[PDB]
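> coords below, sequence missing:
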RNA sequence: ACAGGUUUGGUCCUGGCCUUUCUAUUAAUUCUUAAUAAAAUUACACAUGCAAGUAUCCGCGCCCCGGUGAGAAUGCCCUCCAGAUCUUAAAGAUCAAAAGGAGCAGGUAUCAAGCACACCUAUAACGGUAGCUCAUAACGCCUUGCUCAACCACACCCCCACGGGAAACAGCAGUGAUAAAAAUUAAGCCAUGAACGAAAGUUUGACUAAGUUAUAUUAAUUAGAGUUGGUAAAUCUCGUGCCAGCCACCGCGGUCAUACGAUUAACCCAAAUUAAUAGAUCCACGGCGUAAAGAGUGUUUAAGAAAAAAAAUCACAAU
RNA sequence: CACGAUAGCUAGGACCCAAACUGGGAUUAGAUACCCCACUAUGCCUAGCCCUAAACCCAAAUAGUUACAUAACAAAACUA
RNA sequence: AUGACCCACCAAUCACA
Ligand SMILES: Nc1nc2c(ncn2[C@@H]2O[C@H](COP(=O)(O)OP(=O)(O)OP(O)(O)=S)[C@@H](O)[C@H]2O)c(=O)[nH]1
Ligand SMILES: *C(=O)[C@H](CCSC)NC=O
Ligand SMILES: [Mg+2]
Ligand SMILES: [Mg+2]
Ligand SMILES: [Mg+2]
Ligand SMILES: [Mg+2]
Ligand SMILES: [Mg+2]
Ligand SMILES: [Mg+2]
Ligand SMILES: [Mg+2]
Ligand SMILES: [Mg+2]
Ligand SMILES: [Mg+2]
Ligand SMILES: [Mg+2]
Ligand SMILES: [Mg+2]
Ligand SMILES: [Mg+2]
Ligand SMILES: [Mg+2]
Ligand SMILES: [Mg+2]
Ligand SMILES: [Mg+2]
Ligand SMILES: [Mg+2]
Ligand SMILES: [Mg+2]
Ligand SMILES: [Mg+2]
Ligand SMILES: [Mg+2]
Ligand SMILES: [Mg+2]
Ligand SMILES: [Mg+2]
Ligand SMILES: [Mg+2]
Ligand SMILES: [Mg+2]
Ligand SMILES: [Mg+2]
Ligand SMILES: [Mg+2]
Ligand SMILES: [Mg+2]
Ligand SMILES: [Mg+2]
Ligand SMILES: [Mg+2]
Ligand SMILES: [Mg+2]
Ligand SMILES: [Mg+2]
Ligand SMILES: [Mg+2]
Ligand SMILES: [Mg+2]
Ligand SMILES: [Mg+2]
Ligand SMILES: [Mg+2]
Ligand SMILES: [Mg+2]
Ligand SMILES: [Mg+2]
Ligand SMILES: [Mg+2]
Ligand SMILES: [Mg+2]
Ligand SMILES: [Mg+2]
Ligand SMILES: [Mg+2]
Ligand SMILES: [Mg+2]
Ligand SMILES: [Mg+2]
Ligand SMILES: [Mg+2]
Ligand SMILES: [Mg+2]
Ligand SMILES: [Mg+2]
Ligand SMILES: [Mg+2]
Ligand code: NA
């Protein structure tokens, strides 16, 4: 439907069934509903690890860079996904959260050897 | 009607649609007075000419038929 | 093979000696009209409800929480004074620890004080006599004490345990002593409650708020009532959304003896119903279902008796009609069914057949359950069914709505509102449909209006009073228009005769005829009124009437007597 | 449709009605527990709480999401795109108003005419021709969301909203009324989405995870409902006696009732089972001497067929 | 668009004979019928209307075939 | 001139071990 403004975007639609999430990577208008109408389907991402302990991500790379090339915008989680794939540099926030995680493990290590005493 | 005879207990009801209509009461015996609310349904009674409705037994003021005591 | 499991909320067994906790007293304030119950209340609570109350009347029970200087928490119940509300008072007597019986000094013990005495005595409740209006000129505590001695209530002066505190409500005379009297009697009863267990309670008044839905005023007997519990009362249930207090406050917990407004009922509980908490929603529905099934069974049985009789009558008419008429075969029964041939039985299925018999169709819509019950008791009192018939088609809580209008429209009813509303739309709608909606804030105005209504429909009493008398002399046969007309020559003796009046003919004391003349004619002139001593010719419309030489004639006129209601409500 | 019952004393034909299948709502009767899905009487009126903020001030966001189906024969499909927005110099790209039209598009012709509904000139006016739509349905009237990754419309009412009625939940919950129709006045922003921010991040009744409900599936812990004359699987003994009652259709009940009511046995579905109502499906690529139907007659119009071979023409009572 | 049996309408003319209606006579329980007698509108001519029929050969028009082939009855069955 | 209504065909054996 006709909107006032808003941009083309690559995001995750959430399909799935209760407790079993699934995502359709999608190029959509920004102002339209999450699970709703879209411009083109790009990939899929299945968060739940499967029989082989893999999360399956699918990326139509050709079309993805066609749209990025038209100035579509990426969602933070799509950014995180591409980065993980190695099609984009790591997103700074991935790195930072990794570091924070490390420091938490450190302080729980020390707290563990402090409580054991 | 002619070929087969009895005398069938009916009532007249006024319906939520404001239309007033003859309606029939199933089962043997009943207690129904004016001002009782009933719930009526669509089955047409074959003997009675003109009577297209039926009281639902077991709802509001029409109780289920009491087994002989 | 299938026996329905009995599942219903049963009031829990008496609490163990260990868990019994200090309670708080519940006190009804009872008595005859205008003896000051509400003024007492007002003075305690620092509020004025005696000023704002409609008609200066107390028409509703209410509970009030009062804290005293000593730290005493007392729950007061304000009972109405009129004879109509005797149902209400009874309820008040059931929920109470103590009653304060208010008897004015200038009057003394009277009817409603007697009733109140009876309710409290029958409910086995400790009573405290408070004589009121001691700031008056004729104030006489002693008279009151004697009259109380008559009814087997023994004052503190005579050795009896009933405490007598003389008090002026206006000036606040002995209020400390009535307070301390209630305190002492309460410490004496040693009241206990169980805070820890589930909630047992009782409904005061149940009404419907437009914002909050179905609401009940209830005094917790025992148990802590917390938001989100599941209550069951009579045939209906609630989950508790709000529990609020009378000043509008939202209170998070309810402890035994506290009055609490409750929200979230699916249907309106009957005022005076005991409230039992249960474990879940499905449990509550199990319960409601059981209770309904039970009631439907009882009703079904009574109905079964009435029915069995009806169909045994019919069965007997069938046996008569068959055996008495000489059974042979069924075809020869068809042929011998011709011995009684003409069957005259007149039955009409129309709804206008009872209008001249003057039924009164009546719809009651009140503000609260208690009020409605009051009005329906007043209608139960109705004793004259040969005069009018009082038919209650529908009664219910809440303001006048579209359904009620329609209902009244079909039965030619009258809608009696009590402390309720009718919006614009409803009004214009009842204007179209020819229904009258009469709203009343004052219960006896309402009953007055009922009487007015009953009497206005009442059959007009017809009285025959005499006008004139004339003796026939000569009989003539006059030929006019090829028709021989019998003509009675008459001499008017006492009174006069008029053409429009009704006549009756008299033969030697018998009454031969009833009706009006065709032609009264006097000396070639038609004259409407013949005076005394006047000769008048008389030709009746009835040709079968024989006029002799010596007959008498009485001209009479019928005047209408307008009867009032044969029903006088006790109150 | 793989069909079946029912017109008659009977047979054939024609022709309706009904049965058998599948789904949904409601009701009755029954109901043990999980999971998943779905949640629906009301464009009537609404108490209370919450549903839009972010951010070093500006700004940017704030019916977008979410709601609803009131209105409108709306419209589907398809041209063509002004504008807004994003990106970048531009060029691109996303959403696409207005304007259009190959085609398709509810009922009603007992709505048959509409009444200015066309074009030219040229300068944008003066002026001039007398047209335009329509039985291939104009112009009316009634009913109505939809052709569904979605779309169209509405946003208290007066199509609109300057004004005027008047003081708005068709956001989430709730509540009155109303209806055969009954989910929590609940927890979180942890994930996705959205807004804003350079950013850590904040907000979000979107949503996520829960609560409620036999509405539907599935799994097992759960047994009850309907029926037993024929169609149509399945019955015995009493009671009743054209009564009381029963039936979808045919019909049953008049003293030997497998048809009522109850019992015994059985059949059939099963956490459901019946009933009621709406659907799905269903009419004619068939017919017109006697069954519904060849319009009392001929000519032309519009529209169609020409599909290979020829013809117009002579006793008698046309007008 | 132009016609369209009988009946019927309007106006003027005709009138032998027939004849709804009506009046008489029979018949009959009745007889506002059948049968008998009289007589009228009408049947006729001119002019205008009216537009209906069992207007039915209950079988549409135009070209064809006698192949396939019986619901029944009727006037055999069929193609475009 | 006449002559209530209602009437009909929807179940299968015997005999022996
Ligand atoms: N002189 C005097 N008048 C009093 C006293 N107490 C009350 N009254 C008066 O009596 C009147 C009735 O008082 P009220 O409070 O309405 O009595 P009530 O018993 O509640 O009345 P009701 O509800 O049964 S109708 C009031 O006008 C009040 O002024 C008193 O102690 N002395
Ligand atoms: C009539 O005219 C009347 C005669 C009756 S006396 C037998 N006289 C006067 O009115
Ligand atoms: Mg889901
Ligand atoms: Mg019969
Ligand atoms: Mg039925
Ligand atoms: Mg029930
Ligand atoms: Mg009072
Ligand atoms: Mg409810
Ligand atoms: Mg037939
Ligand atoms: Mg037959
Ligand atoms: Mg058939
Ligand atoms: Mg239900
Ligand atoms: Mg929507
Ligand atoms: Mg319209
Ligand atoms: Mg453009
Ligand atoms: Mg466009
Ligand atoms: Mg609509
Ligand atoms: Mg609008
Ligand atoms: Mg609204
Ligand atoms: Mg508007
Ligand atoms: Mg809501
Ligand atoms: Mg809003
Ligand atoms: Mg409600
Ligand atoms: Mg529902
Ligand atoms: Mg409920
Ligand atoms: Mg979030
Ligand atoms: Mg976030
Ligand atoms: Mg929240
Ligand atoms: Mg049955
Ligand atoms: Mg028997
Ligand atoms: Mg059967
Ligand atoms: Mg039976
Ligand atoms: Mg089920
Ligand atoms: Mg025919
Ligand atoms: Mg023809
Ligand atoms: Mg014809
Ligand atoms: Mg003609
Ligand atoms: Mg003629
Ligand atoms: Mg003439
Ligand atoms: Mg003549
Ligand atoms: Mg003749
Ligand atoms: Mg004659
Ligand atoms: Mg001529
Ligand atoms: Mg002919
Ligand atoms: Mg024909
Ligand atoms: Mg033709
Ligand atoms: Mg006869
Ligand atoms: Mg016969
Ligand atoms: Na007073």
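Cool, got the structure. Numbers count the residues shown, from 1 in each chain, chains lettered A, B, ... in the order given. Ligands and ions are numbered 1, 2, ... in the order given.
> Tell me where chain B has strands.
According to DSSP state E, chain B carries its strands in the segments B:10-14, B:20-24, B:40-41, B:53-55.
> burial of residue C:158, as a residue count?
Neighbours of residue C:158 under the rule other CB atoms under 10 Å in any protein chain shown: 13. C-betas here are computed from N, CA, C, even on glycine.
> Residue C:146 versus that one, what's the distance?
10 Å (CB to CB, to the nearest Å).
> what does residue C:414 give?
Taking CB to CB, one finds residue C:414 at 48 Å from residue C:146.
> Looking at these two, which one has more neighbours?
Between residue C:414 and residue C:146, counting by other CB under 10 Å, residue C:414 is the more crowded of the two (18 against 14).
> Make sure that one is actually in contact with residue C:362.
Yes - under the criterion of CB atoms under 8 Å, residue C:414 makes contact with residue C:362 at 5.8 Å.
> what's the overlap in contacts for those two?
Common contacts of residue C:414 and residue C:362 (CB atoms under 8 Å, 6 or more residues apart in numbering or on different chains): residue C:453.
> For RNA strand D, what is the nearest residue in chain B?
For chain B, the residue closest to RNA strand D is residue B:42, as judged by CB to the nearest atom of the strand, at 2.3 Å.
> Quick check: phi and psi at that residue.
Here is the backbone geometry of residue B:42 (degrees, to the nearest 10): phi -80, psi -10.
> Where does the stretch 101-250 of chain C get nearest to RNA strand F, residue-wise?
For the stretch 101-250 of chain C, CB to the nearest atom of the strand, closest residue to RNA strand F: residue C:235, 50.4 Å.
> quick one: the nearest residue to residue C:212 once chain neighbours are set aside from chain B, how far?
Nearest non-adjacent residue to residue C:212, counting by CB to CB, 6 or more residues apart in numbering or on different chains: residue C:263, 5.0 Å away. Here residue C:263 is placed at a distance of 27 Å from chain B (CB to the nearest CB, to the nearest Å).
> pretty sure residue C:263 contacts residue C:243?
Yes - applying CB under 8 Å as the test, residue C:263 and residue C:243 come out as touching, 7.4 Å apart.
> more neighbours, these two?
A count of neighbours by other CB under 10 Å puts residue C:243 above the other of residue C:263 and residue C:243, at 23 against 18.
> Contact partners for the more buried one?
Counting by CB under 8 Å, 6+ apart, residue C:243 has contacts C:225, C:227, C:250-252, C:254, C:260-263.
> and which of the residues you listed is nearest to ligand 1?
Closest to ligand 1 out of these is residue C:261 (22.0 Å), distances taken as CB to the nearest ligand atom.
> so that closest one, which of the three states?
strand (DSSP: H, G, I helix; E, B strand; the rest coil).
> how near is it to residue C:510?
For residue C:261, the distance to residue C:510 - CB to CB - is 77 Å.
> same thing with residue C:243?
82 Å.
> so which of the strands of chain B is the most packed in?
Highest mean neighbour count of the strands of chain B: strand B:53-55, a mean of 20 (counted as mean count of other CB atoms under 10 Å in any protein chain shown).
> Which elements pack onto that one?
Applying 3 or more CB pairs under 8 Å, 6 or more residues apart in numbering or on different chains; DSSP states H and E, we find strand B:53-55 packed against strand B:20-24, strand B:40-41.
> Mind putting these into a markdown table with distance to residue C:29?
Listed next are those as a markdown table, based on distance: least, CB to CB, whole Å:
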| stretch | distance to residue C:29 |
| --- | --- |
| strand B:20-24 | 52 |
| strand B:40-41 | 51 |
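> Tell me which of those strands sits nearest to RNA strand F.
Closest to RNA strand F of the helices and strands packed on strand B:53-55 is strand B:20-24 (CB to the nearest atom of the strand; 24.4 Å).
> Please tell me how far the closest one is from the chain's geometric centre.
A distance of 7 Å separates the centroid of the chain from that of strand B:20-24, by CA atoms, centre = their mean, to the nearest Å.
> List the pairing partners of that strand within its sheet, with orientation.
Applying DSSP bridges, strand B:20-24 is found paired with strand B:10-14 (antiparallel), strand B:53-55 (parallel).
> can that strand be found next to RNA strand D?
No - judged by CB under 7 Å from any atom of the strand, strand B:20-24 and RNA strand D are separated, with a smallest distance of 7.8 Å.
> Need the contact partners of that strand.
B:8-15, B:38, B:40, B:45, B:48, B:50-55, C:410.
> Wasn't residue C:399 part of a strand?
No - assigned with three-state DSSP, residue C:399 falls outside any strand and is coil.
> Look up how far residue C:47 lies from residue A:24.
Noted for residue A:24: a distance of 65 Å to residue C:47, by CB to CB.
> out of the two, which sits in the busier spot?
Taking neighbours as other CB under 10 Å, residue A:24 and residue C:47 compare with residue A:24 leading, 18 against 13.
> which is the next helix or strand following the strand ranked longest in chain C?
Secondary structure of chain C per DSSP E: the longest strand is strand C:461-479. Sequence-wise, the next helix or strand downstream of strand C:461-479 (DSSP states H and E) is strand C:484-495.
> Can you list the strands that that next one pairs with?
Partners of strand C:484-495 in its sheet, by DSSP bridges: strand C:461-479 (antiparallel), strand C:535-540 (antiparallel).
> In chain B, what residue lies closest to ligand 1?
residue B:35 (34.4 Å).
> Run through the residues that contact residue C:154.
C:148, C:160-162.
> top of the residues you listed by neighbour count?
Neighbour max across the contacts of residue C:154 (other CB under 10 Å) = residue C:148, 24 neighbours.
> show me the contacts for that one.
Residues counted as contacts of residue C:148 (CB under 8 Å, 6+ apart) are C:103, C:109, C:129, C:154-155, C:162.
> Ok, residue C:354 next?
residue C:389.
> That one should be in a strand, yeah?
No - read with three-state DSSP, residue C:354 is coil and lies in no strand.
> neighbours around the residue of the stretch 1-150 of chain C found nearest RNA strand F, how many?
At 32.2 Å from RNA strand F, residue C:1 is the closest residue in the stretch 1-150 of chain C, using CB to the nearest atom of the strand. Residue C:1 has 2 neighbouring residues, counting by other CB under 10 Å.
> looking at this, it is in a helix?
No - secondary structure of residue C:1 (three-state DSSP): coil, not part of a helix.
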